[PDB]
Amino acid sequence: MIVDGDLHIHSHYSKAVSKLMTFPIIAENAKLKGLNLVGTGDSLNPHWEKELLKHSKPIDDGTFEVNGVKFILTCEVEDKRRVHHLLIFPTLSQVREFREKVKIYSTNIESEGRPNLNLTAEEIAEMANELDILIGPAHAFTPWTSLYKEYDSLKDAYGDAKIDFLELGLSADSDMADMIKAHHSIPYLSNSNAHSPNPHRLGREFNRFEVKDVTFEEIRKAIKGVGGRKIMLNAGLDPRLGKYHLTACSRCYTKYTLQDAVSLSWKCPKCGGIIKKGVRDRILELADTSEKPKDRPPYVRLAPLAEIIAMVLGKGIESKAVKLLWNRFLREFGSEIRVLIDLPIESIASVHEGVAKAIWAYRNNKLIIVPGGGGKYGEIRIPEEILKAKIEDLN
C-alpha cells in the first residue's frame, strides 16, 4: 500500500507548542487532512506515553491507532551542543530503555517533550544504534539548533556512529541537501515539525512510503529501501517558505547576503539585531558536488492550501472564511496534496474559481514568493492579472 506519514511533531508537553496538540485532536486533524501515518513525537516523556496508551489501540509493539490514524514512536532531543536529533523507536520497550539510559544525563526527561541531554551527538547516536533506534539530524540546517550550524559535516558530529536518515527541513529540499556528496548515501525525511494541529501546520511536509502494512518495521524497510519497500515521495514546503531559508536579522527580519552579513559581522545595522545565516547560504557554503543520486525520490514542493485560500480571499490564515473553504475542499477531494498537485484545475474551479487560478499559477511557477529568513516565514502573493483573467486564457 501507499501511505503518507509525517514523522516529526511535538506534543503539548513540549515548549512553544499549542495545548491542542493531543492524541485525539492530532488524529482528527490528520484524518481530515488525509494523513495516514503520524509520528507520536515526545515519546521519551512518560506522561505522553501514558496518554498514548490511553487514547490508542495496539497494532503491534511499536504501532498504535487513534481514530483510524496510525502512529509510530518518534521523539526530538537536544544535544549537549544545542543540536536537535530525531529518533524513531521500534517498540515501547526501546522507548523505556532509552528513557532510563538518559535519566542520568538529563534534568527534564520527565517534565518536557523536547528533553535536553548532556550527551554529545556521537554518544546519542551510538546509544540509539546499540538499541536499533533510528537516529537522524532534525532540521539539519537551522542556524540556531541544527547540526550544520554546529558542525561542518556529519562525520564531525557523529564520528564512528551511524545515522539512518537526515530530516531535510522546511527551508530546504532534496536537491539542496544533495549538493553534499555524503548526503547521497542517506535517506531524506520531510516532516512537519508541527507545533499546532492547524491545517497549515500538521502535515505541512510528509513522506509517501510504499509498504505492505502500516507498521514500524515496514516503515524502517521503506526508509532503508529494502524488501521492495521504499520512500517513493518527499512532499514538502517550497524551501523559500521556511523561516530560515535566507540570511536575515533575527529581530527586524531584514534579509542580507552572505557577503553583506560577513562584512557587517552578523549585526543588523538598522536594528542592532543578530543576523542569522540561512540554509541556502549554509548549504552553498558547504557545497561539495554537482551530482545527485539516481535513487533519490522526487521532492514535491508544496504551499499550504490554507495559505493559498488566505491569499486568494484576502483574509487571515485563522479566519473562519478560509477554514470553511478549506473544509469544503477537503470534504470534496480528500487531501491537500491532491488539490495542490494532482487535481485538474477545472475540478478545483467547481469549488472556487479564484483558488483554481491560484493553484494553476503555483503549478506553473507564476506565483510571487517572498522568501523567509531569520525566523520569519516566506510570504506567497499572486499577480493581479492572474485573478483578473479567465481560466481558459491562462494557457
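Residue positions are given as counts along the sequence shown, with the first one as 1.
* To do: Name the higher of the two by mean Cα B-factor in the PDB entry, 384 to 392 versus 4 to 12.
  => Result: 384 to 392.
* Asked: Out of 259 to 267 and 154 to 162, which one has CA B-factors that are higher on average in the deposited record?
  -> Mean C-alpha B-factor is greater for 259 to 267.
* To do: Between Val102, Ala248, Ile88, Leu305, let me know which has the highest C-alpha B-factor in the entry?
  => In the PDB entry, the greatest C-alpha B-factor among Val102, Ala248, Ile88, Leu305 is found at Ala248.
* Asked: From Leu324, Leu202, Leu237, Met127, pick the one with the largest CA B-factor in the entry?
  -> Reading the PDB entry, the winner on C-alpha B-factor is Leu324.
* Asked: If you rank the chain by CA B-factor, which third does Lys315 end up in: lowest, middle or highest?
  -> Top third by C-alpha B-factor.
* **Ranked against its chain, the third holding the CA B-factor of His84** => Lowest third of the chain for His84's C-alpha B-factor.
* Ranked against its chain, the third holding the CA B-factor of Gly242 -> Within its chain, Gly242 is a middle-third residue by C-alpha B-factor, going by the deposited values.
* Asked: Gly113: which third of its chain by C-alpha temperature factor?
  -> Middle third, going by the recorded CA B-factors of the chain.
* Relative C-alpha B-factor of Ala27, binned into the chain's lowest, middle or highest third -> Tercile = middle for this residue's CA B-factor.
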